[PDB]
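If you use PDB author numbering, the sequence shown corresponds to residues 2 to 488, 501 to 533, in order. Just so you know, even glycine gets a beta-carbon here, dropped at the ideal spot from N, CA and C. Beneath this line is the structure, given in structure tokens, with notes to follow.
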Amino acid sequence: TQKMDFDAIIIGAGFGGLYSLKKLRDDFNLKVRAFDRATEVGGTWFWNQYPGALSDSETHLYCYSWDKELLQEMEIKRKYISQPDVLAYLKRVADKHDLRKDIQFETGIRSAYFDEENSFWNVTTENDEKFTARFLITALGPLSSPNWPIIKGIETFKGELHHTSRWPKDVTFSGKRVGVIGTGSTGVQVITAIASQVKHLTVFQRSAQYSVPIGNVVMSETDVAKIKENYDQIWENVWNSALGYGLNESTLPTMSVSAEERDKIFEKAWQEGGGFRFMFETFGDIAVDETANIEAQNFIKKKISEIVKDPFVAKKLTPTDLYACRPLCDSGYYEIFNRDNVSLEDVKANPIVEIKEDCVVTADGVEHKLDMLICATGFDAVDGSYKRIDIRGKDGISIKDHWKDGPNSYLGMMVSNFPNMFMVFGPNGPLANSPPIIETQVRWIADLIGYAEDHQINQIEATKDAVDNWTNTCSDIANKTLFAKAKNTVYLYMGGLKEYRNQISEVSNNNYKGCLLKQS
Ligand SMILES: Cc1cc2nc3c(=O)[nH]c(=O)nc-3n(C[C@H](O)[C@H](O)[C@H](O)COP(=O)(O)OP(=O)(O)OC[C@H]3O[C@@H](n4cnc5c(N)ncnc54)[C@H](O)[C@@H]3O)c2cc1C
Ligand SMILES: NC(=O)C1=CN([C@@H]2O[C@H](COP(=O)(O)OP(=O)(O)OC[C@H]3O[C@@H](n4cnc5c(N)ncnc54)[C@H](O)[C@@H]3O)[C@@H](O)[C@H]2O)C=CC1
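Following this line, the structure appears as structure tokens:
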């Protein structure tokens with residue numbers, strides 16, 4: 002009966018898809034084919050090429066760890082790695098391991114239907130090409146379709162209108178009046194990078210957020226060669242940590258030291274740089290205790306009032322949140338608002354009501370004349386990338402229907418009613434550095450598929466109770482955190510990378526409890 006085109010089909014050629022291809026094809030000798038709409042590997046690092054695109058984690062850790070030779074060969078130019086260098090790195094990964102011969106570029110996957118009779122997947126591209134594979138590996142990433150601001154007359158603007166997710170080449174800023182909507186991580190990076198290049202910059206800020214310096218500096222040859230000399234212990238620290246950012250994750254309570262010592266600890270992380278460092282290397286209860294969280298707020302607020310000299314602009318930049326989850330990272334964001342060519346518009350108190358052929362109009366009637374409008378307004382949720390595909394498992398239920406109230410899964414990798422489908426960097430996963438999470442899930446999925454090939458089972462599916470057990474574990478951990486109060502279905506597992514690896518290890522050791530292994 003079953004002919005089958007491949008043993009596994011992968012959707013995505015980013016960090017998750019490239020390692021899924023390497024592990025399944027070369028270490029388990031399976032017949033694999035990967036698909037991506039992009040013309041080249043990279044994932045978000047191919048799509049997102051906006052000004053100032055920079056990694057949150059340091060260069061020596063935002064990479065693969067499974068190729069020891071690649072680690073020694075790796076270019077560590079600056080403390081953090083820019084978008085063109087991440088793209089070049091992932092291209093080198095594809096070059097060394099001969100990955101492109103099994104990737105079909107310029108090809109979008111329209112639908113994936115599970116055949117309960119033969120226990121494989123019917124995958125159809127957007128160009129009506131049909132492939133069959135026993136297993137479906139979905140490496141879609143954490144971000145979905147670009148989120149545009151719903152503003153009356155947005156289609157009327159005659160100037161340049163760019164979304165940061167679709168940043169075109171050859172964009173020039175000199176002599177232009179530019180506006181930026183959005184002050185998230187992407188907006189902060191764009192604003193800091195282009196303020197000195199434009200004639201005038203207007204920042205349309207709906208919600209001011211906390212941001213700490215990133216401290217991106219050049220890495221000397223002694224800085225680099227010494228990292229590669231201790232790379233084995235560095236990665237052992239990652240697997241033994243909660244975030245995988247190479248931090249000395251603190252257990253010290255914030256209010257257990259004096260105000261003078263508390264200031265020294267915050268200042269030390271402020272000088273070194275890093276958003277996760279300021280939160281989790283300083284003290285161990287910043288995300289848990291309200292009094293601790295407020296202390297971290299007041300340090301950044303004090304830094305804002307000192308950097309921007311106009312106290313009324315500093316007031317507009319100061320977040321009104323009672324509690325603060327994650328701060329952003331910047332390379333001179335607050336210094337930008339001291340410039341003569343930068344205007345900050347509080348769009349919560351003075352909302353945008355309309356934009357015309359040459360301007361953005363706020364509620365006060367002021368027409369902000371612009372030659373270019375940049376929308377750094379974010380994306381849809383992680384489950385959007387899945388609901389954007391026509392995925393149907395048992396009985397024909399679509400992932401649109403099964404996740405109509407939000408995403409749920411088992412260990413962040415398996416979905417009930419969708420057998421032989423394994424998610425890489427999917428929802429309900431851990432909150433940590435992405436490459437360590439991706440590597441952890443790809444190795445776990447590959448070991449289960451190899452365990453399947455030897456024990457002659459052809460269908461793997463997580464039970465409904467195992468998924469609901471995972472939702473309880475995530476909610477039990479998250480409700481101990483202030484992350485629930487500030488900005501049912503639980504989107505993230507918050508136990509850390511080490512405890513997440515403990516969770517999935519107990520499953521693989523206990524004969525994959527919660528999963529249903531059908532023999533043939
Ligand atoms: C500028 C920037 C900096 C970041 N820095 C960090 C950091 O320091 N630390 C960290 O942990 N995380 C960071 N992230 C987030 C995260 O690490 C990245 O998204 C990471 O590359 C994960 O990639 P991925 O391979 O899981 O998915 P992606 O890189 O998003 O790859 C998804 C791919 O799947 C393809 N695809 C989706 N649907 C279909 C379909 N139906 N058919 C065909 N193809 C499809 C898409 O074309 C896309 O290329 C950052 C993100 C950005 C944008
Ligand atoms: N350095 C890094 O590691 C990076 C990380 N990321 C991640 O990717 C995700 C995407 O983040 P971003 O692209 O920054 O988007 P975001 O969702 O973080 O920010 C969107 C911004 O646009 C504003 N906005 C949205 N709709 C609006 C409207 N109608 N009117 C006015 N303002 C509006 C919001 O106030 C918000 O500040 C983030 O969660 C982030 O963690 C993204 C880029 C870089």
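Handout entry: Spatial distance of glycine 366 from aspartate 372 (CA atoms)
Key = Answer to the nearest angstrom: the Cα atoms are 19 Å apart.
Problem - For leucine 345, the nearest candidate out of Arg93, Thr319 and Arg327 (CA to CA) - result: Considering only alpha carbons, the answer is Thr319.
Exercise for the section: Determine the extent of the beta strand (DSSP E) in which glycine 180 is found, giving its start and end residues. Expected result: DSSP places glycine 180 inside the beta strand (DSSP E), whose first and last residues are 178-182.
Problem - Beta-carbon proximity check, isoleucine 450 vs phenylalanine 29, cutoff 8 Å - result: The answer is yes: Cβ separation under 8 Å.
Problem - beta strand (DSSP E) segment containing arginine 135, residue limits - result: Start and end: 131-139.
Handout entry: Simplified DSSP state of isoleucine 11, which is helix, strand or coil
Key = Of the three classes helix, strand and coil, the one that applies to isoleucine 11 here is strand, per DSSP.
Practice task
Compute every distance between the C-beta of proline 150 and the non-hydrogen atoms of ligand 2, then say whether any falls below 7 Å.
Solution key: Checking every heavy atom of ligand 2 against the Cβ of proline 150, one is found closer than 7 Å.
Practice task
Pick out whichever of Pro437, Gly17 and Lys465 has its Cα sitting closest to the Cα of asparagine 241.
Solution key: Considering only alpha carbons, the answer is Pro437.
Practice task
Go to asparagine 459, then tell me how far its beta strand (DSSP E) extends in each direction, as first and last residue.
Solution key: Counting along the chain, the beta strand (DSSP E) containing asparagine 459 begins and ends at 458-463.
Practice task
Specify whether the stretch 214-221 and the stretch 354-369 touch according to this definition: at least 3 beta carbon pairs, one from each stretch, less than 8 Å apart.
Solution key: No, because fewer than three Cβ pairs between the stretch 214-221 and the stretch 354-369 fall closer than 8 Å, the two stretches do not touch.
Practice task
Measure from the alpha carbon of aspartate 171 to the alpha carbon of each residue in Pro52, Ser146 and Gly427, then state which is nearest.
Solution key: Nearest of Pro52, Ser146 and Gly427 to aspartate 171, Cα basis: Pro52.
Exercise for the section: Report the rounded CA-to-CA distance for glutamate 358 versus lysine 310, giving the unit in angstroms. Expected result: Each residue's CA atom was taken as its position, placing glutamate 358 and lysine 310 some 34 Å apart.
Handout entry: DSSP three-state assignment for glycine 430, whether helix, strand or coil
Key = Reduced to three states, the DSSP call for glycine 430 is strand.
Practice task
Compute the Euclidean distance between the alpha carbons of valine 33 and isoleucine 182, then round it to the nearest angstrom.
Solution key: Taking the straight line from one Cα to the other gives about 42 Å.
Practice task
Spatial neighbours of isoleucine 266 within its chain, please: CB distance less than 6 Å, with the 5 preceding and 5 following residues excluded, ordered by chain position.
Solution key: Here the set comprises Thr283.
Practice task
For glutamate 59, count neighbouring C-beta atoms within 10 Å of its own C-beta (all shown protein chains included) and say buried if the count is 16 or more, exposed if not.
Solution key: Using a 10 angstroms sphere on the CB of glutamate 59, the tally of other CB atoms reaches 16 or more, which defines it as buried.
Handout entry: Local Cβ density within 10 Å of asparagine 524, reported as buried at 16 or more and exposed below that
Key = Exposed is the call here.
Practice task
Output the boundary residues of the alpha helix (DSSP H) element that contains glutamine 298.
Solution key: Counted as a single uninterrupted DSSP element, the alpha helix (DSSP H) harbouring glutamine 298 occupies residues 291-308.
Practice task
Taking only heavy atoms of ligand 2 into account, decide whether any of them is closer than 7 Å to the Cβ of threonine 60.
Solution key: Not under cutoff, so the answer is no.
Handout entry: contact_flag[the stretch 335-349, the stretch 188-204] where n(CB pairs < 8 Å) is 3 or more
Key = Yes: at least three Cβ pairs fall under 8 Å.
Problem - Start-to-end residues for the beta strand (DSSP E) that takes in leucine 374 - result: Segment 373-376, the beta strand (DSSP E) holding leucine 374.
Problem - Residue nearest to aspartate 290 in terms of C-alpha spacing, selected from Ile305, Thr255 and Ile11 - result: Of all alpha-carbon atoms in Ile305, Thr255 and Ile11, the one lying nearest the alpha-carbon of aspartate 290 is that of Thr255.
Problem - Residues bridged to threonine 363 [DSSP beta-bridge criterion] - result: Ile353, per the DSSP bridge assignment.
Problem - Close beta carbons around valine 343, own chain, < 6 Å, minus the five adjacent residues each side - result: Taking C-beta separations shorter than 6 Å and ignoring five residues to either side along the sequence, the partners of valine 343 in its chain run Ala196, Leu202 and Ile337, following chain order.
Exercise for the section: Under 8 Å Cβ to Cβ from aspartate 469, same chain only, skipping five residues before and after it: list those, please. Expected result: Once the five neighbours on either side are set aside, the close Cβ partners of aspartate 469 are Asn409.
Problem - Closest residue to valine 383 among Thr133, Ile353 and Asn429 (Cα-Cα distance) - result: Checked all of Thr133, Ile353 and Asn429; the closest Cα to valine 383 is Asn429.
Problem - Opposing strand residues paired with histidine 61 [DSSP bridges] - result: In the DSSP output, where bridge partners are listed per residue, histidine 61 has none listed.
Exercise for the section: Answer yes or no: the CB of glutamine 84 versus the heavy atoms of ligand 4, is any distance below 7 Å? Expected result: Judged by which ligands are present, ligand 4 is missing from the structure shown, whose ligands are ligand 1 and ligand 2.
Practice task
Just mark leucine 323 as buried or exposed, buried being the case when its beta carbon has 16 or more other beta carbons within 10 Å.
Solution key: Exposed is the call here.
Practice task
To the nearest angstrom, report how far apart residue 1 and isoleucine 305 are at their CA atoms.
Solution key: Nothing in the structure corresponds to residue 1, since the chain is present only between 2 and 533.
Exercise for the section: Reducing DSSP to helix, strand and coil, say where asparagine 123 ends up. Expected result: DSSP places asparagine 123 in strand when its eight states are reduced to three.
Problem - Residues near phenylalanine 158 by beta carbon distance below 7 Å, same chain, minus five either side - result: Excluding positions up to five away in sequence, the list reads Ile356, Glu358 and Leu374.
Handout entry: Distance CB(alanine 243)-CB(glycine 18) smaller than 8 Å
Key = Note that the C-beta distance between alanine 243 and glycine 18 is not below 8 Å.
Problem - Per-residue DSSP class, three states only, for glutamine 3 - result: Note: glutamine 3 maps to coil in three-state DSSP.
Exercise for the section: Compare the C-alpha of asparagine 294 against each of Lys269, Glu262 and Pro328 and name the closest. Expected result: For the residues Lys269, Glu262 and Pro328, the minimum Cα distance to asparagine 294 belongs to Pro328.
Handout entry: Residues near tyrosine 81 in its chain [Cβ-Cβ closer than 7 Å; skip 5 each side]
Key = Excluding residues within five positions, the ones whose Cβ falls inside 7 Å are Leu55, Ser56, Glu59, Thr60, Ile215 and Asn217.
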